[PDB]
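Peer 1: Here it is, the structure, as structure tokens.
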Amino acid sequence: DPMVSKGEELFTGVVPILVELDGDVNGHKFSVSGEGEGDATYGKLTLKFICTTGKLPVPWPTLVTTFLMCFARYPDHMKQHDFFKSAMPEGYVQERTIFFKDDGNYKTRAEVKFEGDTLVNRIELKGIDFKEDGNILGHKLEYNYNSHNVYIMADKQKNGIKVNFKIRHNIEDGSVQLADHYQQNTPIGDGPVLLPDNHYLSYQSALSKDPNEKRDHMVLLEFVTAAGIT
């Protein structure tokens, strides 16, 4: 299928990644840069993020979903359903509202696209209505991350997809902070894309620290596989 081929040739081996985030949460401004690489054959991403502005005013875990679905591994039988690679190289927009239960919300806009050989994710994040001593501004979330599925449906009126899911962030007392994610993606180009049957992406994420890094940062290892079509 030459449409499938185009995504294949773009993603074949290891692809370098650059992420840039400008953020404002309740007027706490911050920027983050990330670098690493992805190998969509294995659904594997390795990234390190750095707050270039000093202290990150929110927990690193609350930014993981914001900081590359084009690196998911689609099983061979599901390649007709891979919207994300289909939109490349021109790319797609990914927009979210993320509602932290009993606290504020993030609103994000990203563009994901190639800049030469490099796969880039440029993000603007605005958070509003946060509690200054709540879980997020009060830094009460554990530095870890649970596995979740992400359910994808076509958004056919918009030549795009719609994605809905819940993340449960562990809080230091043992409870959980729900982050309800609403998401929409649309192609940046005027070219055609693959519109998928309902399916999901299974995410595993592992957070660590670079023992030689003094700045405020996060090392993220993520495995992403599509499923849910036999």
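Count the sequence shown with the numbering used here and you get residues 6 to 235, in order.
For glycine and all other residues, C-beta sits at the position ideal for the given N, C-alpha and C.
1. Could you tell me the distance, in whole angstroms, from the CA atom of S180 to the CA atom of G39?
2. Quick check: the Cα distance between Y97 and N169, rounded to an integer number of angstroms?
3. Find the nearest neighbour of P21 within the set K118, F35 and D221, judged by alpha-carbon distance.
4. Should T123 go down as buried or exposed, given a rule of 16 or more other Cβ atoms within 10 Å for buried?
5. Could you tell me whether the Cβ atoms of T57 and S36 are closer together than 7 Å?
6. For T67, which of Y47, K106 and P80 has the nearest alpha-carbon?
7. Give the range of the alpha helix (DSSP H) segment to which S36 is assigned.
8. Kindly confirm or deny that the region 150-168 and the region 127-136 touch, where touching means at least three C-beta pairs closer than 8 Å.
9. Rounded to the nearest angstrom, what separates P216 and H222 at their Cα positions?
10. List the whole-angstrom C-beta distance separating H186 from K171, where the pair is believed to meet the contact cut-off of C-beta under 8 Å.
11. Kindly indicate which residue of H174, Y150, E116 and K90 has the alpha-carbon position closest to the one of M8.
12. Where does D81 land, buried or exposed, given buried means 16+ other C-beta within 10 angstroms?
13. Looking only at C-alpha atoms, which of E129, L15 and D195 sits nearest to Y111?
14. Can you give me the C-alpha to C-alpha distance between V63 and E14, rounded to a whole angstrom?
15. Among residues of its own chain, excluding the 5 on either side of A115, which ones have a beta-carbon nearer than 6 Å to its beta-carbon?
16. Which residue wins for smallest C-alpha separation from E177, given the options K145, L206, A231 and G12?
17. Taking 7 Å as the threshold (C-beta atoms), are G43 and residue 1 in contact?
18. Could you please give the first and the last residue of the uninterrupted alpha helix (DSSP H) stretch that includes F89?
19. On the CB-based measure, 16 or more other CB atoms within 10 Å of its CB, does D6 come out buried or exposed?
20. In terms of residues, what are the limits of the alpha helix (DSSP H) holding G143?
21. Take the Cβ of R220 as the centre, count every other Cβ of all protein chains shown within 10 Å, and call the residue buried at 16 or more, exposed below.
22. Mapping the DSSP letters down to three states, classify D221 as helix, strand or coil.
23. Could you please give the first and the last residue of the uninterrupted alpha helix (DSSP H) stretch that includes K11?
Peer 2: Put simply:
1. To locate residue 180, count along the sequence shown from 1; it is residue 175. To locate residue 39, count along the sequence shown from 1; it is residue 34. If you take the alpha carbons of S180 and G39, they lie about 30 Å apart.
2. For this step, residue 97 is matched to residue 92 along the sequence shown. For this step, residue 169 is matched to residue 164 along the sequence shown. Each residue's alpha carbon lies about 17 Å from the other.
3. In the sequence shown, the residue the question calls residue 21 occupies position 16. Selected option, being the one with the closest Cα: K118.
4. One-based indexing of the sequence shown puts residue 123 at position 118. So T123 ends up on the exposed side.
5. Mapped onto the sequence shown, residue 57 falls at position 52. Mapped onto the sequence shown, residue 36 falls at position 31. Yes; because the gap between Cβ atoms is below 7 Å, this pair is in contact.
6. The residue given as residue 67 occupies position 62 in the sequence shown. Ranking the options by Cα distance to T67, first place goes to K106.
7. On the sequence shown, position 31 is the one that residue 36 refers to. Segment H33 to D44 is the beta strand (DSSP E) holding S36; no alpha helix (DSSP H) there.
8. no
9. Numbered from 1 along the sequence shown, position 211 holds the residue referred to as residue 216. Numbered from 1 along the sequence shown, position 217 holds the residue referred to as residue 222. Their backbone Cα atoms lie some 11 Å apart in a straight line.
10. Here residue 186 refers to the residue found at position 181 of the sequence shown. Here residue 171 refers to the residue found at position 166 of the sequence shown. Yes, they are in contact, since the Cβ atoms of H186 and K171 sit about 7 Å apart, within 8 Å.
11. Here residue 8 is taken as the residue at index 3 of the sequence shown, counted from 1. Minimum Cα distance to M8 is reached at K90.
12. Taking the first residue of the sequence shown as position 1, residue 81 is located at position 76. Exposed is the call here.
13. Taking the first residue of the sequence shown as position 1, residue 111 is located at position 106. Out of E129, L15 and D195, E129 has the C-alpha closest to the C-alpha of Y111.
14. Within the sequence shown, residue 63 is the residue found at index 58, counting from 1. Within the sequence shown, residue 14 is the residue found at index 9, counting from 1. Cα to Cα, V63 sits roughly 38 Å from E14.
15. Stepping through the sequence shown from its first residue, residue 115 is reached at position 110. Contacts found: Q99, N126 and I128.
16. On the sequence shown, residue 177 is found 172 positions in, with the first residue counted as 1. Per the Cα distances, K145.
17. Lying before the first or after the last residue shown, residue 1 is absent from the chain, which here runs from 6 to 235.
18. Counted from its first residue, the sequence shown places residue 89 at position 84. Unbroken alpha helix (DSSP H) run through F89: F88 to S91.
19. Position 1 of the sequence shown, counted from the start, is the residue given in the question as residue 6. When all chains shown are included, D6 counts as exposed.
20. By one-based count along the sequence shown, residue 143 stands at place 138. Here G143 belongs to no alpha helix (DSSP H), and DSSP marks it neither H nor E.
21. Here residue 220 is taken as the residue at index 215 of the sequence shown, counted from 1. Exposed is the call here.
22. Here residue 221 corresponds to residue number 216 of the sequence shown, with the count starting at 1. The answer is coil: DSSP assigns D221 none of H, G, I, E or B.
23. Position 6 of the sequence shown, counting from 1, holds the residue named residue 11. Run containing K11: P7 to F16, per the alpha helix (DSSP H) assignment.
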